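Chemist: Have a look at this one.
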Amino acid sequence: XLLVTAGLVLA
């Protein structure tokens, strides 16, 4: 995906 997380950053 294109996200905004911490911590991993996933698809």
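Letters A, B, ... mark the chains of the structure tokens in the order given; residue numbers begin at 1 per chain; ligand numbers begin at 1, in order shown.
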Applying 9 Å and only C-alpha atoms, which residues near residue 2 in chain A remain after dropping the ones on its own chain fewer than 4 positions away? List them as a PyMOL selection string.
Modeler: chain A and resi 9-11
